[PDB]
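Participant: sequence first, structure after; it's an experimental one.
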Amino acid sequence: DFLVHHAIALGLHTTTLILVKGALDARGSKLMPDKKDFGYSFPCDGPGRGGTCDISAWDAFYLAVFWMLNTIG
Amino acid sequence: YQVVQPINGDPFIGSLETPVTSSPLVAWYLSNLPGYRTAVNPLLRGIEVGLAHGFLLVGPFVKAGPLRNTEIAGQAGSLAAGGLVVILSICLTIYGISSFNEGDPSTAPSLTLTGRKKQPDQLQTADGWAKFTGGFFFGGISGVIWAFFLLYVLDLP
Amino acid sequence: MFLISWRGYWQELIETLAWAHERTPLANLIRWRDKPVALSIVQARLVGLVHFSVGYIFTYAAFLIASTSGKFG
Amino acid sequence: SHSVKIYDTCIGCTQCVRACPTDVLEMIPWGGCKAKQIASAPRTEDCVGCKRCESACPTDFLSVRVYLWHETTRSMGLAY
Amino acid sequence: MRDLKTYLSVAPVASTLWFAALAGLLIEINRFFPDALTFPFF
Amino acid sequence: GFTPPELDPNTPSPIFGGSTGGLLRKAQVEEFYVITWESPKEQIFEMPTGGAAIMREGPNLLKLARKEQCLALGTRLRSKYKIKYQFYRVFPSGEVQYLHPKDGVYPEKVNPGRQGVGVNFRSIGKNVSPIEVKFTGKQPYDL
Amino acid sequence: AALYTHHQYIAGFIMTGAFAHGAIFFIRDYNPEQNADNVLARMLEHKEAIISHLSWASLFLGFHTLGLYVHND
Amino acid sequence: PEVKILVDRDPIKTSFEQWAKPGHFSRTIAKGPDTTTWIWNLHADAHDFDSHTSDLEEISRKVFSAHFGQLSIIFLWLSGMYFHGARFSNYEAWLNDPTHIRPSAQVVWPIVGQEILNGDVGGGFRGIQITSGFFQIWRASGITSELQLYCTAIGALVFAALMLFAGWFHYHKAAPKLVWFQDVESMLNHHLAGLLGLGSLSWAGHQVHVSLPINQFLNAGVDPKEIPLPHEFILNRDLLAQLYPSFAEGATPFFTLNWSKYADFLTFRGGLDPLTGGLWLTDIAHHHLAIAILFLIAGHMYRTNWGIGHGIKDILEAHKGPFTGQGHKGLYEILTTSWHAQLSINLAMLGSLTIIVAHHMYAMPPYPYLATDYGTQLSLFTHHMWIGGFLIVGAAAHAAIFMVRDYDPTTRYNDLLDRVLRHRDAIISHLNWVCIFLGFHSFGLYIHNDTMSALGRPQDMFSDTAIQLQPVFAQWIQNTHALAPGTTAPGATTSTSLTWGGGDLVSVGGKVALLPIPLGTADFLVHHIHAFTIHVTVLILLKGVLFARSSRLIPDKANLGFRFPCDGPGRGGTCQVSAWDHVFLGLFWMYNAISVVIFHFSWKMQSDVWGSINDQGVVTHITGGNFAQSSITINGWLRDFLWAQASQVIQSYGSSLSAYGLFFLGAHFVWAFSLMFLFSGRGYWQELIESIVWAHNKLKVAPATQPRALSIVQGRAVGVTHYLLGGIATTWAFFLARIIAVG
Ligand code: CLA
Ligand code: CLA
Ligand code: CLA
Ligand code: CLA
Ligand code: CLA
Ligand SMILES: CC1=C(/C=C/C(C)=C/C=C/C(C)=C/C=C/C=C(C)/C=C/C=C(C)/C=C/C2=C(C)CCCC2(C)C)C(C)(C)CCC1
Ligand SMILES: CC1=C(C/C=C(\C)CCC[C@H](C)CCC[C@H](C)CCCC(C)C)C(=O)c2ccccc2C1=O
Ligand SMILES: CC1=C(C/C=C(\C)CCC[C@H](C)CCC[C@H](C)CCCC(C)C)C(=O)c2ccccc2C1=O
Ligand code: SF4
Ligand code: SF4
Ligand code: SF4
């Protein structure tokens, strides 16, 4: 039970990490300082500046649901 | 000498001419199918298409359905074919409702492969498609009835 | 499939299918009233996540109840 | 169609116009920068949204911005 | 010679030599002191 | 002042056997495009739709389905070969619309007869927060 | 078993939605001037601290919990 | 026009100066790293020679030396194999009791309890059971003592040294010329007759002098130490005549054309030798002789310097018809200019050849006591299948590379390729429809059977007992094979293989070797599944190749390169449009095909062939013939195959097979680890690394090489690499544990 509860802590912490990083970087980041102008859900910002796939806060939610399912699993 | 040529001599139209596409046997046979008789009342063309498909659909439903080995009721599996004709007659009907409007003309080509002007097929018209659905339904249920009417002296009944 | 494979592959594939329909006799008498296109990038992430989650929930619900109610204890 | 905007941080290197694959960008005379020219987007009806122009902007932050908007036949890149 | 020594200082080669020496040391430690779930010397 | 050249039909087209990447019903009911160029000699050039075609000597006319296909072919006509090119849009009514080069000058070269469109006069980071345009049909970049 | 599993997955989805709409608030409704130097704007002011430490805790938990499981395996 | 030897002297100086400069080959990479992405590019473009320069001669010399290095590494690998067979193995014990001893050639050190992996393999030996099959090869060749394996390992080490030296020589010293590489006629002549012909002849010479006599003595039960040395059969021919009488003549029937005498050791009996379970060694030697003659003849088709012979250019140009225009004209100039085209062709053919090897080695066991070593056979089959699949995916990749980089109709035109490009749309649409039809009419049948078995309707399924779908064609073909000896093959004494001929069950040491393989509704369904998966893989790869240059979505895709992420979120979205991403998806689909293939093989062999035979002839298979009823269902594949046969790997803890139990879960781990990359994009990860960099810069410990998340292409590459590694290693552990335990 000690080992499983720490896996639970891992699941809660990482799922929180994904959602919080997406919620705080939703208005802007060093990579896209004007993300708030593009809305909540958009595909990306193009292949420029190195590549910006899954950079919106909607994608942060989308990544966190996998971790939510894994945690509840 | 080469066999493959551009579609009607135009290389920048997205197609080619091959023995499958442009051949006297294929051109005549397709020109004589009821869907390509662009000068015939669509009700009659629907009757033929309905008769052919309603007749064909009975075979698979009867020989593959669940009651296939219960010969007491398996021959009545044509009802399933008739039900599909009903469903397809709905699919045909709802198609024309959305595609063509009452006052809209025909959307079919008004030209010929040789350039001369032509009268467009009335099948791409609201009333023309309505006659085709009505013809397909009438021939469809008639094809299912006529197919089930025959049952004996066949190697796969 | 929706999460690994991405859009551009399916868009070019749908283009090759649109040509096929326009050049096929008999069937070309039927015209689509909405142009066939590949699912949006964000739509693909959502559809893939929904299949993932539905399979997640249904697989575990089936195992949970069958392994427990099969013994009832 | 997609919206495209040019901000006055533009230095006038004419790189967004060279990378554009549907001739949406133009170079007009201006007095703000050294090259005496700024970009403009007068033909966004042909814009496809490839953001190939943003990949070529040396300004930090970008001076071309492509805001993907209402999709049309031209913006979806359909040949059918 | 100097170029050869500069190659030996590259990241993968330095990593292999460093991790090989580290792997050998831990192997000998667990060879003279196998198992050990605790710090027994108190 | 510049005057765009009118589209002259019956202009020769490059030698090509035909491909499946050509026009579709979109050209019949929606729109299609036509690129024209001069060329010095008979050459081979890769088609933006299929394989290879023989560019006729003298005036050439080529009809495509998309505008991007025209500019891509034109850019290669300007790079590999040294050929000037124009292209237009053709609606099913028969109307023709001149497109590129708009001014007769290439768009990468500054021309004095051009007007600003969609040019915001501030830093990109000086846009407003989305709440300040809420319940309005505005965007923080349209201004 | 069915009831506990049902509510835990329900709660997992609800938690992902809570943080999703938190990000949606930051984009659509957050006015930075009317929240000047309060606790809400200060969350954005040190976003890197919050995200980095959430990352450290997830790394710590993940490294060790996995390691102990592999050791016992 | 005159084929001759052509090299240059000292083109590149031997120095360590360029060793110390990372990324020297590339002009952008040589400046050193500004960000971490550099570090990855240095490895991604390490072998992209045609992107380092445009001179075909430099490229060809680099490729030549790379081949020499590969041969050096392969010889070093073989040296290690023979040396482990000599020094840390029980080969001498397996040689006396091949039916009870488990072959083992690796012994672990006792450090952290891993000595448990040194399991009881028989012959007083504790080690790891090997499935490579080197024991069977060394027995077939006639090797008996550890000394001969020692000498073979030493020779392989010397040959590795020779290959490494030659690789240095033909790049830094006498480096060949472009026309030398381009002498295709001479090269094909020497590879058909000199390499393959003389190689087959040399091996036939060994087999008629060492393999046949030593193996006769091994079959007779003579102790291997009491067996005469091989060279004693080359001195006193009385020893060879006492086993094979025709050797008493002395090459006289060969020159006088009385070859009918040599039928004693050059036979056409076929089938299997019932004592060993392998093909008759006399038949294999006769085979190698015939192959040697055929290849020695075939190595004379192409002209060189003496007028007689063919020119491939003429043969190509002469083959043009009314459908394909002036086809084949121009192909000789293409295949003598582009390395990637040759690589595509050869990868395709070599991979398909590896698959053919996988089939032929199971259906016709070539080595003694191979057919009964179930672990070795299963491992060989699966390994060769994977090799072939990967090589074919690589063929696709390099075809696309040629399309992007070496294709140009204005310089090296070909009519066939242009015609293919002019209807790629029709080709791809038809392949798409075929794939949909096959997907419905194979897997849909499985879903039908599942839904009928779950609804309590076992007669409405597709089964050998209900709606039958018998593979009549394959059954008739194997029947025609069975009746061929004595009719359409009078010289053949038995059937080509045992899977053909009815009856004639060969068993060795209480275990079966081979018997006629049944073919029913299950085989039909599985073969159609295989056809469907192959078709979808072909669709992905070929569609990537044909649309590599242009498409209706991106008409200038060739300018973007062969390997690029996308072309923007516009046009609806352009992700994974490059041919590289088509290879990336074809990897997954090749995995999905090959896995079903090897699972079919495993279950079929464990259900209808492999098993234990009684003294009276009662054969009970490893699984009780459950293939006909259980494999026609997806739930049957889940339960009666996976859930049942994974027991050995989930129970291997505390035994010598526990390493497979560890690899099972580790491969599960890396497979699921790939899903993080395959389901995500690099923007989020860069935004995370931003805050992490803040944390580092706060404590004066941020690196100069600015950290950057993996590129999009690198994200997909890592994802597919880990996915493939995890899946294949999981199946590897499962197969090996299962077959070594129940074998
Ligand atoms: C089995 C699959 C798998 C695994 C192992 C991980 C693991 C991880 N994820 Mg992830 N994830 C997955 C699936 C997986 N994910 C999937 C399917 C998704 C949906 C797309 C996500 C989406 C996701 C997001 C959005 C995020 C993560 C994050 C993380 C990291 C959390 C930090 C941590 O716990 O410390 C470490 C835990 C580990 C399991 C590391 C194990 C590997 C160790 C180091 C092996 C040691 C190396 C050893 C010497 C082997 C030698 C190899 C040799 C070849 C060199 C972690 C490395 C978060 C993160 O980045 O954290 C900051 C993050 O934000 N994941
Ligand atoms: C009878 C003549 C002969 C023989 C035996 C070979 C044999 C071989 N060639 Mg080769 N070749 C020949 C003539 C020959 N070639 C001619 C006339 C040309 C055109 C001028 C070429 C051009 C050519 C190219 C471009 C390449 C090869 C390659 C190869 C190797 C292929 C890999 C392999 O099969 O592994 C099997 C391994 C063996 C069979 C071991 C035997 C190897 C022996 C020791 C080599 C002896 C043959 C050699 C030509 C004799 C001269 C060497 C001498 C001066 C010391 C192989 C060893 C590839 C390569 O370089 O691989 C490194 C390759 O890229 N050949
Ligand atoms: C004789 C066969 C052959 C040859 C000579 C080549 C040669 C080449 N290939 Mg190719 N390829 C092949 C087969 C071959 N390939 C096959 C069978 C496939 C199918 C998978 C591919 C798919 C492929 C792709 C998709 C690409 C190439 C590319 C290239 C070029 C660059 C190679 C490079 O530097 O990568 C560098 C090599 C590495 C970075 C090593 C990567 C590590 C591997 C992938 C994982 C290691 C796992 C290992 C097997 C086991 C795990 C051990 C681990 C735990 C330590 C080059 C000319 C690239 C190119 O740019 O084309 C011009 C390109 O993108 N190939
Ligand atoms: C289990 C997951 C899964 C499934 C079901 C599929 C299914 C399919 N893939 Mg896909 N794929 C997957 C995973 C999957 N893939 C993943 C993870 C990747 C990433 C590598 C890919 C990458 C990929 C590529 C690149 C391609 C495909 C293609 C295809 C299609 C092949 C044509 C076919 O077989 O028609 C038959 C349909 C099926 C076998 C699906 C099941 C159909 C059932 C049995 C019929 C039930 C009908 C029923 C009446 C429904 C009505 C119910 C109603 C009440 C709603 C097919 C539909 C190819 C394609 O586009 O087709 C040509 C193709 O290009 N896949
Ligand atoms: C001098 C090296 C160094 C130092 C001092 C630090 C220090 C720190 N790192 Mg870090 N890191 C490093 C290297 C280093 N890192 C490298 C190479 C990587 C890439 C794998 C990372 C990736 C990383 C992540 C993802 C995170 C940190 C974080 C942190 C902070 C929390 C502690 C921690 O989690 O560490 C953990 C250390 C690791 C996970 C990997 C360390 C690998 C080795 C042990 C360090 C390298 C030593 C170097 C090669 C020696 C050079 C020898 C020289 C004399 C020649 C902390 C201040 C966390 C943070 O943000 O703080 C809140 C966090 O999320 N690091
Ligand atoms: C009484 C008692 C006790 C105590 C307890 C305590 C101390 C409590 C608590 C608690 C808590 C403390 C809980 C919690 C939780 C939380 C959570 C779960 C969170 C959240 C948040 C969120 C989700 C957010 C969102 C957002 C964002 C993100 C941004 C924007 C804004 C908002 C807000 C929207 C004990 C046990 C000792 C003993 C017994 C008795
Ligand atoms: C297959 C696939 C397609 C092609 C999928 C398409 C074109 C969708 C086709 C859907 C058809 C119409 C059948 C859908 C059946 C649904 C079950 C019906 C649901 C409708 C209502 C109930 C909502 C993509 O467009 C794509 C885009 C980006 C990443 C991955 C992919 C991807 O994997
Ligand atoms: C996790 C992840 C990353 C992040 C992955 C990274 C950054 C891999 C690099 C991690 C290694 C461990 C850094 C290398 C560390 C050096 C070897 C130095 C270590 C010092 C010693 C221990 C050797 C992406 O960049 C990415 C990109 C596109 C799609 C998906 C993903 C994705 O899922
Ligand atoms: S590959 Fe990445 S950057 Fe390119 S379109 Fe797809 S999500 Fe956007
Ligand atoms: S997104 Fe592409 S098409 Fe639109 S303006 Fe920028 S470069 Fe031109
Ligand atoms: S790329 Fe940027 S800086 Fe250059 S001209 Fe265009 S807007 Fe100005």
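Facilitator: Sure, I can see it. Numbers count the residues shown, from 1 in each chain, chains lettered A, B, ... in the order given. Ligands and ions are numbered 1, 2, ... in the order given.
Participant: in the sheet, who's paired with the residue in chain F that ligand 3 sits nearest to?
Facilitator: Going by CB to the nearest ligand atom, ligand 3 is nearest to residue F:46 of chain F, at 20.8 Å. All C-beta atoms are positioned from the backbone trio N, CA, C, and that covers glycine. Residues in a beta bridge with residue F:46, per DSSP bridges, are residue F:52.
Participant: so what's the residue count around residue D:21?
Facilitator: 25 (other CB atoms under 10 Å in any protein chain shown).
Participant: for it, helix, strand, or coil?
Facilitator: Here residue D:21 is recorded as coil under DSSP: H, G, I helix; E, B strand; the rest coil.
Participant: over to residue H:27?
Facilitator: With three-state DSSP as the criterion, residue H:27 reads coil.
Participant: what sits against the closest residue to chain E within chain F?
Facilitator: Using CB to the nearest CB, the closest approach of chain F to chain E is made by residue F:125 at 38.1 Å. For residue F:125, the contact set (CB atoms under 8 Å, 6 or more residues apart in numbering or on different chains) comprises A:33, A:34, D:61.
Participant: wasn't it part of a strand?
Facilitator: No: assigned with three-state DSSP, residue F:125 falls outside any strand and is helix.
Participant: quick one: the helices in chain G?
Facilitator: Under the criterion DSSP state H, chain G contains helices at G:2-28, G:39-45, G:47-72.
Participant: tell me which residue in chain F sits closest to ligand 7.
Facilitator: residue F:24 (18.7 Å).
Participant: apart from its chain neighbours, what residue comes closest to that residue?
Facilitator: Closest residue to residue F:24 apart from its sequence neighbours, by CB to CB, 6 or more residues apart in numbering or on different chains: residue D:80 at 4.6 Å.
Participant: and that neighbour, helix, strand or coil?
Facilitator: On the basis of three-state DSSP, residue D:80 is classed as coil.
Participant: can you tell me which residues contact it?
Facilitator: Residue D:80 makes contact with C:15, C:18, C:19, C:22, C:35, F:24, F:25, F:26, F:65, H:552 under the criterion CB under 8 Å, 6+ apart.
Participant: wait, what's in contact with residue H:416?
Facilitator: So residue H:416 contacts H:324, H:325, H:327, H:328, H:331 (CB under 8 Å, 6+ apart).
Participant: mind running it again at 10 Å?
Facilitator: Counting by CB atoms under 10 Å, 6 or more residues apart in numbering or on different chains, residue H:416 makes contact with H:319, H:320, H:324, H:325, H:326, H:327, H:328, H:329, H:330, H:331.
Participant: give the PyMOL command for selecting the buried subset of those residues.
Facilitator: Buried subset of the contacts of residue H:416, written as a PyMOL selection, criterion 16 or more other CB atoms under 10 Å in any protein chain shown:
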select buried, chain H and resi 324+325+327+328+329+330+331
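Participant: list, out of the contacts of residue H:416, those positioned next to chain F.
Facilitator: The subset of these within reach of chain F, by CB under 10 Å from any CB of the partner chain, is residue H:325.
Participant: so which of the contacts of residue H:416 comes closest to ligand 5?
Facilitator: Using CB to the nearest ligand atom, residue H:331 comes nearest to ligand 5 of those, at 50.0 Å.
Participant: does that closest one touch residue H:316 like I think?
Facilitator: Yes: Residue H:331 lies in contact with residue H:316 (CB atoms under 10 Å); the separation is 5.2 Å.
Participant: what sits in contact with each of those two?
Facilitator: Shared contacts of residue H:331 and residue H:316, defined by CB under 10 Å, 6+ apart, comprise residue H:414.
Participant: that older thread, as a markdown table, the contacts of residue H:416 with distance to ligand 3 and secondary structure would be great.
Facilitator: Listed next are the contacts of residue H:416 as a markdown table, based on distance: CB to the nearest ligand atom, whole Å; DSSP: H, G, I helix; E, B strand; the rest coil:
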| residue | distance to ligand 3 | secondary structure |
| --- | --- | --- |
| H:319 | 28 | coil |
| H:320 | 32 | coil |
| H:324 | 29 | coil |
| H:325 | 30 | coil |
| H:326 | 30 | coil |
| H:327 | 28 | coil |
| H:328 | 26 | coil |
| H:329 | 28 | coil |
| H:330 | 23 | coil |
| H:331 | 21 | helix |
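Participant: check which helix or strand covers the residue of chain A found nearest ligand 5.
Facilitator: Among the residues of chain A, residue A:17 lies closest to ligand 5, at 9.5 Å counting by CB to the nearest ligand atom. For residue A:17, the host element (DSSP states H and E) is helix A:2-24.
Participant: in chain C, which residue sits closest to chain G?
Facilitator: Nearest residue of chain C to chain G, counting by CB to the nearest CB: residue C:68, 5.1 Å away.
Participant: residue G:2 is in contact with that residue, correct?
Facilitator: Yes: proximity of residue C:68 to residue G:2 meets the contact threshold set by CB under 10 Å, at 7.9 Å.
Participant: and residue H:389, how close does it get to residue H:345?
Facilitator: Per CB to CB, to the nearest Å, residue H:389 is found 17 Å from residue H:345.
Participant: more neighbours: which of the two?
Facilitator: More crowded of residue H:389 and residue H:345, by other CB under 10 Å: residue H:389, with 25 against 15.
Participant: so which bits of chain B are right by chain F?
Facilitator: Chain B has residues B:2, B:4-17, B:107, B:109 near chain F, with proximity defined as CB under 10 Å from any CB.
Participant: filter those to the buried ones?
Facilitator: Applying 16+ other CB under 10 Å to these, the neighbour count classes B:4, B:6, B:7, B:11, B:12, B:13, B:14, B:15, B:16, B:17 as buried.
Participant: contacts only, for the residue of chain A closest to ligand 5.
Facilitator: A:60, A:64, A:67, G:50-59, H:688.
Participant: so the nearest residue to residue H:578 once chain neighbours are set aside, which state does it fall into?
Facilitator: Nearest residue to residue H:578, sequence neighbours excluded (CB to CB, 6+ apart): residue H:564, at 4.9 Å. Of the three states, residue H:564 takes coil under three-state DSSP.
Participant: chain E: helices as residue ranges?
Facilitator: E:2-8, E:11-32.
Participant: typed the wrong thing, it's chain C
Facilitator: So, for chain C - with DSSP H - the helices run C:7-22, C:41-71.
Participant: tell me the buried residues in the shortest one?
Facilitator: Of the residues in helix C:7-22, those buried under the neighbour-count criterion (16+ other CB under 10 Å) are C:7-20, C:22.
Participant: from the contact counts, what lies against the longest helix seen in chain F?
Facilitator: Ranked by number of residues, the top helix in chain F under DSSP H is helix F:67-79. For helix F:67-79, the packing partners by 3 or more CB pairs under 10 Å, 6 or more residues apart in numbering or on different chains; DSSP states H and E come out as strand F:32-37, strand F:43-46, strand F:60-64, strand F:85-90, strand F:96-100.
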